[PDB]
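Quick notes on the structure that follows.
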Amino acid sequence: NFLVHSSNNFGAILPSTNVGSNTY
Amino acid sequence: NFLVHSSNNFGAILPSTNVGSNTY
Amino acid sequence: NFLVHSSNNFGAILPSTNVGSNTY
Amino acid sequence: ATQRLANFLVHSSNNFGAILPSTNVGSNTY
Amino acid sequence: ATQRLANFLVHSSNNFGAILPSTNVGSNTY
Amino acid sequence: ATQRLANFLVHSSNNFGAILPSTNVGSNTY
Amino acid sequence: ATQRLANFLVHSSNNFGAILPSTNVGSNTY
Amino acid sequence: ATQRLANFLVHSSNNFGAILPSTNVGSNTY
Amino acid sequence: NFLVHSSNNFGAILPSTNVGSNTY
Amino acid sequence: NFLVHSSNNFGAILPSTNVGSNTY
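Chains as they are written, first to last, in PDB author numbering: chain D, 14 to 37; chain F, 14 to 37; chain G, 14 to 37; chain C, 8 to 37; chain H, 8 to 37; chain K, 8 to 37; chain E, 8 to 37; chain B, 8 to 37; chain J, 14 to 37; chain A, 14 to 37.
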């Protein structure tokens, strides 16, 4: 029934992430 | 029934994030 | 039934965020 | 520490390119 | 510490490019 | 510390590019 | 430390390119 | 440390290119 | 039924934010 | 019944991420 163009992406060319410490 | 252009992205060329510490 | 241009993005070229500490 | 989380509902009828990044607990950067 | 969270509803009828980043607890940067 | 949060409703009929970033508890920067 | 997490619902009726990266606990970058 | 996680539901009716990377605990980069 | 141009973005070229401490 | 173009990808040319330590 459904007629969809369904095109999705992500932009990440250089993630660089230093979370550290978490407590929950 | 539905006719959609459904194009979504993210912008992130250089994330650099230092969360630290969390308590919840 | 629905005819939508549905284009969404984010702007983040250099996030750099140091949360610290939270209590909830 | 500890946690107590319950009964989370994210219902949406229709979002025409509506940005609702309704993120619960966690550390992401994409 | 601790937490007690319940009964969260994000209902939307129609959002024509409405920005509702209704984010609950967590650390994100995108 | 602690928390007690309940019964949160974000209902919108129609938003023509209305900016309602109705964010509950959490640390974001986008 | 410890954790207590329950009753998480992410229901969506219809999302026309709606961005809802509703991520629970964890460390991702994509 | 320890963990206690239960009752996680990710139900979606229809997502027209909706991005819901609802990732629970773990370390991924893709 | 609905015919919308639905283009939305964010402006953030250099966030740098040091929350500190919160109690709720 | 359903007629969909269903094309999805990820953008990651150089992830480099140093998580550190987590407690849950």
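Ideal Cβ placement from N, Cα and C applies to all residues, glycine included.
Item	Value
Alpha carbon of E:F15 to alpha carbon of B:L16, nearest angstrom	6 Å
Residues near J:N22 in its chain [Cβ-Cβ closer than 8 Å; skip 5 each side]	none
Per-residue contacts from H:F23 into chain J (C-beta, under 7 Å)	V17, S19
Rounded separation between A:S20 and G:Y37 - CA only	41 Å
Cβ-Cβ separation, A:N31 to D:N31 (assumed contact under 8 Å), whole Å	5 Å
Cβ neighbour criterion (16 or more within 10 Å) applied to B:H18	exposed
Reduced DSSP secondary structure (H/G/I, E/B, other) of K:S20	coil
Classification of A:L27 by the beta-carbon crowding that lies within 10 angstroms, buried from 16 upward	exposed
Three-state secondary structure assigned by DSSP to D:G33	strand
Residues of its chain near F:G33, where Cβ-Cβ distance is below 8 Å and the 5 sequence neighbours each way are ignored	none
CB of H:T9 within 9 Å of CB of C:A13, strictly	no
Exposure label - E:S29; buried when at least 16 CB within 10 Å	buried
DSSP three-state assignment for G:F15, whether helix, strand or coil	coil
Min CB distance C:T36 to chain G below 9 Å	yes
Between the CA atoms of H:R11 and C:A25 - distance to the nearest angstrom	29 Å
Beta-bridge pairing of H:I26 - partner residues as DSSP gives them	C:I26, K:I26
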